[PDB]
Amino acid sequence: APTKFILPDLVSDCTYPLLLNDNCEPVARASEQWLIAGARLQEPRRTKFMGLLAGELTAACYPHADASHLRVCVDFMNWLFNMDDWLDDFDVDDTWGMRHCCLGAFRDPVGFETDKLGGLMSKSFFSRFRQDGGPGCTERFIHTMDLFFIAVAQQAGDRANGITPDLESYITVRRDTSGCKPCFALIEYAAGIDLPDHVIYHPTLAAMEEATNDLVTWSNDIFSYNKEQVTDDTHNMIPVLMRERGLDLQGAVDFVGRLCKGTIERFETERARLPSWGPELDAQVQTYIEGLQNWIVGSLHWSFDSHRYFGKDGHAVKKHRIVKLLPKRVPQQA
Amino acid sequence: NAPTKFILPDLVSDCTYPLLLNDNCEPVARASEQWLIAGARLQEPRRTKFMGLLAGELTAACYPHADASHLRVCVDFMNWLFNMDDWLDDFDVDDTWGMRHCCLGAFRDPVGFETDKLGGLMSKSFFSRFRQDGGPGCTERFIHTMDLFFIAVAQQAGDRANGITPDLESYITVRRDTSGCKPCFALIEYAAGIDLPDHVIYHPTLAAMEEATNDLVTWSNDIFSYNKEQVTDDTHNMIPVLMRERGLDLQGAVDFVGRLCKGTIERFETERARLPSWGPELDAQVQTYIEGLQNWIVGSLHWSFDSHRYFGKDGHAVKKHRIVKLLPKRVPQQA
Ligand SMILES: [Mg+2]
Ligand SMILES: [Mg+2]
Ligand SMILES: [Mg+2]
Ligand SMILES: [Mg+2]
Ligand SMILES: [Mg+2]
Ligand SMILES: [Mg+2]
């Protein structure tokens, strides 16, 4: 039975420039207070939340957003991390109820009545989104949030059933529980563009999005395996692989690490394949894929600034790459 | 040397689902043909080809319990879909997006949408009648999966323009949307007078039964329609995809898709056996929906040999002897 594992080196390979929005510090602090208020955070969660640093993630992923747009992005990211953590303790029925409240607020903030914190916060940041977002990325945001909730209901069912999914079913569902897709809609929003359907749904752009989704998500599976195995959460490629393929822990970890390198190569390979829709649209496409690039480098690095995955030891673990497994809530041999 | 023929896997002689036929089939079938001919302005030779399609008969087998008015909306859609598919075989990517814009505009506003395009005028005709009784859930599933269909066919059209045979993994993903099975499934709800709630119909076991049904209907179509599609070297078909990716010969790829077809019917039964319960009212609506999926499997398999679309006048002979004589290519392969 293993007590630790070695992190694949994903950061030293990546040569994209790491940027940080000039508006980062005041917006991050303000959004921290918006979340504590909106989720009614109390200890212990409140202190854990102050080491999340989603505002600093968001500032690295949308480094050119103006202050108004950045704050909508950060509020969403704080809301998303809070929503994720809440839903880790929801059953299937209550997941659908939360889906109903939040999508109701996104689609009809004026007419949708609700007194739930999830939906109240949803109206707050999304009614600020709606002041500027184009109709295309508005609907991509709502539709991919819908996909998020549907997939997390499937995760909640697997958890209640004590199931570990098979690999090809996991990958399919995980692309939606990650939440990367609505973050992509925020790229458009925060850059002040609204890509046409025939551009955004072209297979090469769709493939670059997926490549980015997989990079962020499968690397998150590596970085977050430690906090997730505490409660034997199997919505993570590592236990999925271990069960399906008989891999031990480091074997599974290394297999996922290879997948991560391979998806950045996929991203660059499709980047070369991009067609041209003339100068104005080509320039908006470049802006969008730079946002996908910023998600790649930004998230990889932020995972070690946050307290969420490595506690206080983030910068230290970035250097020596050894992860000591946390104690399980219930011992494996209980 | 290159093959002139291949052998059809036996897909029908083991399928044990009862084959049903709507009581209203014959008069609805004939009225819809006239609707389509007028709406698409069909002329010869296409008009005579269309009189051998028999999409009304297919539709009456897939929705055998619909009343006459709901059946007629389904048959109009089916005639419109086959017509649209054939038109789009000769559209470029730009014009495909243009058709998509017209038809989705029509679906979303089936009385007020201003258009003079035949594709959209017909969309307004059948979908205005659809919305007279379709629930909000299946209405949006129809529209959104028609959206997915157009997006996917635009990808097909780009592949065709580029001379590209896709890889198998990418092909299967896109093909679940170019088939148009997903909007057919929304019509199961409409035609049964039900409107399943989000938490039921997007439950993973129903979504899996839908995909298993999609895959049966679609991959079996790749087999039946390979002959007509290869005439123009159309590679949006798992058979040329398999030959290119895995070096199989024709019979080997055909046999491979055959095994897949048996495996997806098995998947449907396996998921069927672990359906959850939402109580008696919802459970009855789920059983009604699942029987619709069932009727699509058995109906489409038998219909493919009644139609002239795939085997011309020889479907019943081919169903029994299973030898497919390859049609002449438009341009010979060694040209
Ligand atoms: Mg989660
Ligand atoms: Mg989580
Ligand atoms: Mg995680
Ligand atoms: Mg087609
Ligand atoms: Mg076709
Ligand atoms: Mg076909």
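Residues numbered from 1 in each chain as written, not as in the entry; some residues may be left out. Chains lettered and ligands numbered in written order. Heavy atoms only, no water.

In the nomenclature of the PDB entry, chain B corresponds to Terpene synthase from the organism Coniophora puteana. This entry carries the title "Crystal structure of the sesquiterpene synthase Copu9 from coniophora puteana in complex with alendronate". A UniProt comment under Cofactor (unreviewed entry) is attached to chain B, and it reads "Mg(2+)". A UniProt comment under Sequence similarities (unreviewed entry) is attached to chain B, and it reads "Belongs to the terpene synthase family." (UniProt positions renumbered as here; feature names shortened; annotations may be inferred.)

Going by what the PDB entry lists, chain A is known as Terpene synthase and is assigned to Coniophora puteana. Of the comments in the UniProt record for chain A, the one headed Cofactor (unreviewed entry) reads "Mg(2+)". Taken directly from UniProt, the Sequence similarities (unreviewed entry) text for chain A runs: "Belongs to the terpene synthase family."

Observations concerning the interface of chain B and chain A
On the side of chain A, nine residues touch chain B, which itself brings nine residues to the contact. Summing both sides of the interface, chain B and chain A together bury roughly 860 Å²; the carbon and sulfur share of this comes to 69%. Applying the counting criterion to the chain B and chain A interface returns two salt bridges. For the salt bridge of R99 of chain A with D198 of chain B, the shortest nitrogen-to-oxygen distance reads 3.0 Å. Linking chain B with chain A are two residue pairs in polar contact, by the criterion used here. (Contact = heavy atoms within 4.5 Å. Buried area = accessible area lost by both parts, 1.4 Å probe. Salt bridge = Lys/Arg side-chain N within 4 Å of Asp/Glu carboxyl O. Polar contact = N/O pair within 3.5 Å; in protein donor to acceptor, adjacent residues only side chain to side chain.)

Focus: the coordination of the magnesium ion (ligand 6)
All names here are of chain B. For the magnesium ion (ligand 6), every protein donor is listed as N221 (OD1), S225 (OG) and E229 (OE), and the spread of their distances is 2.1 to 2.2 Å. Each donor residue of the magnesium ion (ligand 6) belongs to the same chain, and together they define the spacing N-x3-S-x3-E. In this structure the magnesium ion (ligand 4) is found 6.0 Å away from the magnesium ion (ligand 6). Remark: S225 and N221 occur in helix α11 (residues 204-230); sequence separation between them is four residues, near one turn of the helix. Accessibility assignment for this pair places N221 and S225 in one class, buried. (Donors = N, O, S within 2.8 Å, 3.2 Å for Na, K, Ca; no water. Helix = DSSP H or I, 4+ residues; strand = E, 2+ residues; numbered from the N terminus. Buried < 20%, exposed > 50% of the residue type's maximum accessible area, 1.4 Å probe, protein only.)

So, the UniProt feature "binding site: Mg(2+) 2" (unreviewed entry) in chain B
Residues and elements named next belong to chain B. Here, UniProt's "binding site: Mg(2+) 2" (unreviewed entry) annotation points to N221, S225 and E229. According to the relative accessible area criterion, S225 is buried, its value standing at 0%. Discounting residues that sit within four places of it in the chain, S225 has contacts with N237 and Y310. Tracing the backbone shows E229 in helix α11. When near neighbours in sequence (up to four residues on either side) are disregarded, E229 contacts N221, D234, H236 and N237.

Observations regarding the UniProt feature "binding site: Mg(2+) 1" (unreviewed entry) in chain B
Residues and elements named next belong to chain B. Summarizing the sequence annotation, UniProt attributes the feature "binding site: Mg(2+) 1" (unreviewed entry) to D85 in the numbering used throughout. Within the secondary structure, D85 is located in helix α4 (residues 68-88). For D85, a relative accessible area of 25% corresponds to the partly exposed category.

Some thoughts on the nonpolar core
Within the largest apolar cluster, 101 residues are counted, with the highest numbers of intra-cluster contacts made by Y63, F77, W80, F107, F142 and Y289 of chain B. One finds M77, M237, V253 and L292 of chain A within the second-largest nonpolar core, a separate group that totals 98 residues. (Core = buried A, V, L, I, M, F, W, Y, C linked by side-chain atoms within 4.5 Å.)

Observations regarding the UniProt feature "binding site: Mg(2+) 2" (unreviewed entry) in chain A
All names here are of chain A. What UniProt calls "binding site: Mg(2+) 2" (unreviewed entry) maps, in this numbering, to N220, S224 and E228. In this fold, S224 is placed in helix α11 (residues 203-229). Once residues lying within four places of it in the same chain are set aside, the contact partners of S224 are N236 and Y309. Mapped onto the elements, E228 comes out in helix α11. We classify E228 as buried; its relative accessible area is 12%. Among residues more than four places away in sequence, those in contact with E228 are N220, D233, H235 and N236.

A few points about the UniProt feature "binding site: Mg(2+) 1" (unreviewed entry) in chain A
Residue and element names in this part refer to chain A. Mapped onto the present numbering, the UniProt feature "binding site: Mg(2+) 1" (unreviewed entry) falls on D84. Position of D84 relative to the elements: it lies in helix α4 (residues 67-87). A residue is classified by how much of its surface remains accessible, and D84, at 26% relative accessible area, is partly exposed.

Quick look at helix α13 (residues 249-272) of chain A
Along an α-helix, a turn takes 3.6 residues, which lines up residues three or four apart on a common side. Residue and element names in this part refer to chain A. Compared with an ideal rise of 1.5 Å per residue, which puts 24 residues at 34 Å, α13 spans 35 Å between its outermost C-alpha atoms and is within 8% of the ideal. Those residues of α13 not exposed but buried are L249, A252, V253, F255, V256, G257, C260, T263, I264, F267 and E270. Elements in contact with the buried residues of α13: β1 (4-6), α11, α12 (237-245) and α14 (279-305). (Expected span 1.5 Å × (residues − 1).)

Observations regarding the side chain of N21 of chain A
Residue and element names in this part refer to chain A. Tracing the chain through its elements places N21 in the loop between β1 and α1 (24-38). By relative accessible area, which is 3% here, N21 ends up buried. With residues up to four places along the chain from it excluded, the contact list for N21 reads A59, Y62, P63, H64, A65 and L70.

Here's the deal with the pattern of salt bridges
Where charged atoms of side chains with opposite charge meet at close range, the side chains can pair. Residues and elements named next belong to chain A. One pass over the structure, following the stated rule, counts 47 salt bridges over all chains. Across the salt bridge formed by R29 and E25, the nearest N and O atoms sit 3.3 Å from each other. Of this pair, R29 and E25 both sit in helix α1, four residues apart, roughly one helical turn. On the accessibility criterion, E25 (47% relative accessible area) is partly exposed. With a closest N to O distance of 2.7 Å, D75 and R71 form a salt bridge.

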